[PDB]
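Trainee: A single structure is presented below for examination.
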Amino acid sequence: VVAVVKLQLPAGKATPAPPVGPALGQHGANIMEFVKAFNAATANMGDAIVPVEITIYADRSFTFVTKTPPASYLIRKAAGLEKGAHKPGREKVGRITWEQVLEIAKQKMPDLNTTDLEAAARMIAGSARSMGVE
Amino acid sequence: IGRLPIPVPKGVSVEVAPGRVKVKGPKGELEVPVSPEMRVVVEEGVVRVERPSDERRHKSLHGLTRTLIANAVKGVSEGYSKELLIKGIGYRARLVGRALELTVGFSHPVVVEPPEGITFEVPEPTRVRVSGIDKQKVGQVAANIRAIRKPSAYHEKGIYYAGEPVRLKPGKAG
Amino acid sequence: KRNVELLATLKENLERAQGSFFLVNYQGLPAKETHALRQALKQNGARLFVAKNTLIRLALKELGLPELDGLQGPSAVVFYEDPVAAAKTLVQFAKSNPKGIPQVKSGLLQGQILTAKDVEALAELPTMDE
Amino acid sequence: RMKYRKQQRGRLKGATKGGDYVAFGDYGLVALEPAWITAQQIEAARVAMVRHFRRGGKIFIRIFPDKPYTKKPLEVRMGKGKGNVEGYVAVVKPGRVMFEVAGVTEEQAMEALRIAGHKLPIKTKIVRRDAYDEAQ
Amino acid sequence: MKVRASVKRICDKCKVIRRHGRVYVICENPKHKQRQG
Amino acid sequence: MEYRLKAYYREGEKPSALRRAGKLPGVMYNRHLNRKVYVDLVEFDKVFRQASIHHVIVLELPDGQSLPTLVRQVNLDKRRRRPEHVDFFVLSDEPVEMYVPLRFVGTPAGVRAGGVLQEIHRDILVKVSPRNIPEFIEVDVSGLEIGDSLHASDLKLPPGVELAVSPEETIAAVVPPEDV
Amino acid sequence: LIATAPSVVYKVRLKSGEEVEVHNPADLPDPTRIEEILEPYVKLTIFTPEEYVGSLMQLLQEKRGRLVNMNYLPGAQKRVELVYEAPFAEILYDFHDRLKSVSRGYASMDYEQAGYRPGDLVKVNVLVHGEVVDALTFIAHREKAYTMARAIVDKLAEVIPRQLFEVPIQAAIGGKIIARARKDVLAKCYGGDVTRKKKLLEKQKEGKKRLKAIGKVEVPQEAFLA
RNA sequence: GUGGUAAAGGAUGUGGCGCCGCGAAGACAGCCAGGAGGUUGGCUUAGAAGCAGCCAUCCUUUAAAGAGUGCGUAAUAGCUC
């Protein structure tokens, strides 16, 4: 039970093999086939970087649920944006309507130790030296 | 403020002497070099040096003053010592009692008889060390007994103290 | 050069916006996890400056900075200068304390505090958490 | 190379002392009491320059090429009246102002200047903006 | 590698050396014999 | 702000002995009320450094005089750098020569696009203006790219306007990279 | 005999439809625009202990390696099952010896080959004053042009020099050259004449221009082939 | 053992000299625990979600706020700073 170990990653993806495979692998992983129960999450929620993360044990239990992000990618959920595919930074619209990130966030403040005061009006601007809502 | 602040316990027999102050301890009677122009007030037995002036020679002398003498009391507070440890799949050691052991030349009358304040400690099949009146030549003969086959920029086999994180780069690979 | 001026004025104010003092010396656990204390204040109230760990001499005798009538606590370790007045000290203080015991090697050690103005006894502080 | 369409065929000599002046553009260099410097080397500067300034940070070069030299034919013996040609230099004596403005900014030049400084057959010195001048 | 010349702090952070009159630099890496002596 | 302490000696000998002292050659000029007062290094040299200086006017302090003065001709060494001998003019009545300061803050029309840099032009203007004179005369331009560059058609000078140099001769320049 | 290490033949598919046409390294010089060599390949299917992949995945890219499909057997211990397609001949040089070292000679391998259609390779040749030289050049794939250039090209010097011409036998792989691989009468009229020296210096100097030209052959092949 | 026929460039050689970081609400260290709390990449995603080949130009803390200097590959760790 208390065998959990460090292992952060993304998801919403149907194919664990290219990514999730050498993590706990010989390191202590067992079973595979998480994709069927990725559907317990990846059918909808988790596109905001929402990792399981599973735990250690004799077997591989399953793939069920996923823990919510800290993320520079959570509070800005309502697009996944569109900029950055061709050379991060630079042109390619630094801006589309001011509330768009706050209006979609606000409820951004899930998992963290205890409690930050606000996901929206009083913290969003800082993840843009972590990105570019700046 | 920090250039001469030494408490000096043990009931130490340190007192300024023509180049060579007195010592007592586990068996202590040691003398230390000085250049007299310094001198140190040693009332009761304090270490609290008087600098002859303050040009760079003397002020670098200020440390040779302090430091040498600094451990000099600490060293006789015990049988002063450094931790030490060879390890490696192929070798051996044995305190004997009155012979140095070791096995890494591998046809090996290794022993040189220990000098003076030196005394060996056989802790663990691999962790031997040394102790005594000295620090410096304890830092030497140990290094000397270290001096025989030191490194192995690959597999561990290295004779060590506690040892720095031994630097490690691949042989033919890994 | 860097004297009684900015960077050392508004820091007095949370202690001075009212006067319900609080303090802590903890920082013995990683900041990556210590934030559990840093985030505790919202559960303990709302984004309170609990466990700020303000600088010694720049806050070890902060009364010297701005006449706080002597915050005679413990100069040992860092001084949080926790602004309980900034939050809502009452039974809420227990949330900032109980979390500091179970977590870390004492994730939040008990320290001097002063509701409104006059200091409470340090021994009575744990009883005052409720 | 950098010379052309000559008035003559061979200068005479001298060298004693001279005078250049202020920088153009708040990045530059200067030296001492130089002997003549060959054009390749002269051009080598900019050649040495070009790679380093963001491998592109544009810069004005500097002083123009000058005097002829030759071993006549080669190494026979004097018999020549003094002729033939190959290489060209600069009038170089008070420590001429070197030209180094770009906007390429800071150390990138300043060590390229050391590159330049390590370059070239005279001890030099390093300069930028200082104290103006004025002309009609 | 006793180079004849130059020497300019190439194990990044590095110690200037003064010994036997001779003057060198050693840092953390043997692959840095800056003995211009 | 600066002073000086006077020296009777002039022309040849003495300054060098004071050049050795670093005490410096100097000029007091007053529309033919000339005098040779003699400077000294470092500080008044620091004064030279004041950027707005050799432009924005300065006031020496002989025992009594409180006269603001201007730079113009200044002697300059070539046995090293560091100037040979600075010279001066306090205003009298109708100020005329006015080599007026510039530290242009034009719009970066090119760097985000073609990458051309704003290569400097005049550094500073020569424009007449009696005693009503700003620190930073300014000319914004948005046509700044490639190599061919716009000219100073439009100086837009502060209160004491004049095209005292010559009726317009280029505003600035930008350096083309690879005929881009 | 001589162990020319590898000797892959591959399969060529010249345009206009000419099938394999008997692929080889000397079967019909290049007459028409090649069809990009093209051939098969071999996937990666060999167990391994501990985490030795680090060395494999790195060296594995010996030929634009393509993670066929990494795997990790369960219940085992460290033993993994990596997979990556590649060529045949290539896996015959600087592979075996490495297959062991990389993973300390742990575990083996076994595939059935795979891959076709495209696949760079070109035809790196060589130069030697003459032309065509012995019979080298194959398919310089992945900068493989100069990769072996400073190697094979610099074939020491054919052991034999023959004459004092000093012919420069480069490597006409397909450029644009790449690789870069006399009596003593002059000093006899001693002590003088940087004149007459030149006179007799030109005499022989003229022969070179009339030698390398007339002196046909000058091909000392059949040396060591290395 | 400088006097003792040598350049270049190295040189915390050393000397004194003027210019500028003392912040005694006290520093740069040297030390010791932290060494960031939503600080996690759209272009590689073979991973970088600083610590290979691809942006750093706005907030939360203030203990400080490393946009992150570091050793490198399954991200990552883990040691600096």
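Identifiers in this document derive from the order of the structure tokens: chains are assigned A, B, ..., residues are numbered from 1 separately in each chain, and ligands are numbered from 1 in order of occurrence.
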Would you pick out the contacts of stretch 138-155 of chain F at 12 Å or less, using only C-alpha atoms (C1' of nucleotides), so that residues sharing its chain but fewer than 6 positions from it are not included, and give the list as a ChimeraX atom specification?
Mentor: /F:100-125,127,161-180
Trainee: Residues of chain B were defined as contacting chain E if any atom lay at most 12 Å from it, counting only C-alpha atoms; please report them as a compact mmCIF listing (two decimals) with C-alpha atoms, in the first residue's frame.
Mentor:
```txt
# COMPACT_ATOMS: atom_id res chain seq x y z
CA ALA B 153 38.60 5.25 -11.89
CA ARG B 167 34.56 9.92 -9.01
CA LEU B 168 33.19 7.37 -11.41
```
Trainee: Can you work out which residues from chain G touch chain H at a cut-off of 12 Å (counting only C-alpha atoms (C1' of nucleotides)) and hand them back as a list in words?
Mentor: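 So the residues of chain G near chain H are residues 51, 52, 53, 54, 55, 56, 57, 58, 60, 61, 64, 65, 66, 67, 68, 69, 70 and 72 of chain G.
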Trainee: Any idea what's packed within 10 Å of stretch 63-71 of chain H, counting only C-alpha atoms (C1' of nucleotides), ignoring anything in its chain fewer than 4 positions away? Could you give it as a VMD selection string?
Mentor: (chain A and resid 128 to 131) or (chain C and resid 25 to 27 31 51 to 55 78 to 80) or (chain H and resid 34 to 36 39 50 to 51 56 to 57 78 to 81)
Trainee: Could you tell me how far atom CA of residue B:141 sits from atom CA of residue B:96, in Å to one decimal place?
Mentor: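 Straight-line distance from atom CA of residue B:96 to atom CA of residue B:141 works out to 18.0 Å.
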Trainee: Between atom CA of residue B:33 and atom CA of residue B:143, what is the distance, to one decimal in Å?
Mentor: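 Answer for the atom CA of residue B:33 to atom CA of residue B:143 separation: 23.0 Å.
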Trainee: With only C-alpha atoms (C1' of nucleotides) considered, list every residue of chain H at most 12 Å from chain D, as a list in words.
Mentor: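 Here is what falls inside 12 Å: residues 7, 8, 9 and 10 of chain H.
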Trainee: Write the residues you've just listed into a file as a PDB file, in the first residue's frame, and include N, CA, C and O atoms (P, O5', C5', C4', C3', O3' and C1' of nucleotides) for each of them.
Mentor:
```pdb
ATOM      1  P     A H   7      60.749  41.267 -23.383  1.00  0.00           P
ATOM      2  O5'   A H   7      59.832  40.834 -24.613  1.00  0.00           O
ATOM      3  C5'   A H   7      59.530  41.755 -25.649  1.00  0.00           C
ATOM      4  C4'   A H   7      58.811  41.089 -26.795  1.00  0.00           C
ATOM      5  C3'   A H   7      57.358  40.741 -26.557  1.00  0.00           C
ATOM      6  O3'   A H   7      56.508  41.862 -26.685  1.00  0.00           O
ATOM      7  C1'   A H   7      58.438  38.923 -27.596  1.00  0.00           C
ATOM      8  P     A H   8      55.367  42.128 -25.589  1.00  0.00           P
ATOM      9  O5'   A H   8      54.201  41.145 -26.033  1.00  0.00           O
ATOM     10  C5'   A H   8      53.819  41.076 -27.395  1.00  0.00           C
ATOM     11  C4'   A H   8      53.150  39.771 -27.698  1.00  0.00           C
ATOM     12  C3'   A H   8      52.099  39.345 -26.698  1.00  0.00           C
ATOM     13  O3'   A H   8      50.862  39.978 -26.927  1.00  0.00           O
ATOM     14  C1'   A H   8      53.522  37.539 -27.141  1.00  0.00           C
ATOM     15  P     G H   9      50.298  41.001 -25.839  1.00  0.00           P
ATOM     16  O5'   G H   9      49.395  40.090 -24.908  1.00  0.00           O
ATOM     17  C5'   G H   9      48.510  39.147 -25.481  1.00  0.00           C
ATOM     18  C4'   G H   9      48.565  37.831 -24.754  1.00  0.00           C
ATOM     19  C3'   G H   9      48.289  37.878 -23.265  1.00  0.00           C
ATOM     20  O3'   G H   9      46.912  37.962 -22.959  1.00  0.00           O
ATOM     21  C1'   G H   9      50.187  36.542 -23.664  1.00  0.00           C
ATOM     22  P     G H  10      46.445  37.959 -21.426  1.00  0.00           P
ATOM     23  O5'   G H  10      46.353  36.415 -21.066  1.00  0.00           O
ATOM     24  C5'   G H  10      46.253  36.006 -19.717  1.00  0.00           C
ATOM     25  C4'   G H  10      47.216  34.894 -19.394  1.00  0.00           C
ATOM     26  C3'   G H  10      47.434  34.644 -17.915  1.00  0.00           C
ATOM     27  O3'   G H  10      46.419  33.852 -17.328  1.00  0.00           O
ATOM     28  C1'   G H  10      49.516  34.702 -19.020  1.00  0.00           C
TER      29        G H  10
END
```
Trainee: For the structure I just gave you, how does DSSP split stretch 47-128 of chain C - specifically, which residues are helix (DSSP H, G or I)? Reply as a ChimeraX atom specification.
Mentor: /C:84-86,93-96,98-100,125-128
Trainee: How would the residues just chosen look if you wrote them out with N, CA, C and O atoms as a CSV table (one decimal), in the first residue's frame?
Mentor:
```csv
chain,number,residue,atom,x,y,z
C,84,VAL,N,-1.9,37.1,12.6
C,84,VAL,CA,-3.1,36.5,13.0
C,84,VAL,C,-4.3,37.6,12.8
C,84,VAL,O,-5.4,37.2,12.4
C,85,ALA,N,-3.9,38.8,13.0
C,85,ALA,CA,-4.9,39.9,12.9
C,85,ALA,C,-5.3,40.0,11.4
C,85,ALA,O,-6.4,40.3,11.1
C,86,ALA,N,-4.4,39.7,10.5
C,86,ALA,CA,-4.6,39.7,9.1
C,86,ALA,C,-5.7,38.6,8.7
C,86,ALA,O,-6.4,38.8,7.8
C,93,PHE,N,-6.7,29.4,15.1
C,93,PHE,CA,-5.3,29.3,15.4
C,93,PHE,C,-4.9,27.8,15.6
C,93,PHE,O,-3.8,27.4,15.3
C,94,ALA,N,-5.8,27.0,16.0
C,94,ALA,CA,-5.6,25.5,16.2
C,94,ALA,C,-5.3,24.9,14.9
C,94,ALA,O,-4.6,23.9,14.8
C,95,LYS,N,-5.9,25.4,13.8
C,95,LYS,CA,-5.7,24.8,12.5
C,95,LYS,C,-4.2,25.0,12.0
C,95,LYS,O,-3.7,24.2,11.3
C,96,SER,N,-3.6,26.1,12.5
C,96,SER,CA,-2.3,26.4,12.1
C,96,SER,C,-1.3,25.7,13.0
C,96,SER,O,-0.1,25.7,12.8
C,98,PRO,N,-2.1,22.4,15.1
C,98,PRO,CA,-2.3,20.9,15.0
C,98,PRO,C,-1.7,20.3,13.7
C,98,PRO,O,-1.1,19.2,13.7
C,99,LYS,N,-1.7,21.1,12.6
C,99,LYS,CA,-1.1,20.7,11.4
C,99,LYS,C,0.4,20.7,11.5
C,99,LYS,O,1.1,19.9,10.8
C,100,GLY,N,0.9,21.5,12.3
C,100,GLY,CA,2.4,21.6,12.5
C,100,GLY,C,3.0,20.6,13.4
C,100,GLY,O,4.2,20.5,13.5
C,125,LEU,N,0.1,29.5,25.4
C,125,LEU,CA,-0.2,29.6,23.9
C,125,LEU,C,-1.0,28.4,23.4
C,125,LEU,O,-1.9,28.5,22.7
C,126,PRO,N,-0.5,27.1,23.7
C,126,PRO,CA,-1.1,25.9,23.2
C,126,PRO,C,-2.6,25.8,23.7
C,126,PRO,O,-3.4,25.3,23.0
C,127,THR,N,-2.9,26.3,24.9
C,127,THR,CA,-4.2,26.3,25.4
C,127,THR,C,-5.1,27.4,24.7
C,127,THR,O,-6.3,27.3,24.6
C,128,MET,N,-4.4,28.4,24.1
C,128,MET,CA,-5.1,29.5,23.5
C,128,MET,C,-5.4,29.2,22.0
C,128,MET,O,-6.1,29.9,21.3
```
Trainee: List the neighbours of stretch 84-97 of chain G out to 10 Å using only C-alpha atoms (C1' of nucleotides); skip same-chain residues closer than 2 positions along the sequence, and give me the result as a count of residues only.
Mentor: 40
Trainee: Write down, as an MDAnalysis selection string, each residue of chain A that has any atom within 12 Å of an atom of chain C, counting only C-alpha atoms.
Mentor: chainID A and resid 109 111:118 122:123
Trainee: Between E:28, E:34, E:14, E:6, which is the closest to chain D once you count only C-alpha atoms?
Mentor: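 Answer, going by the shortest atom-to-atom distance: E:6.
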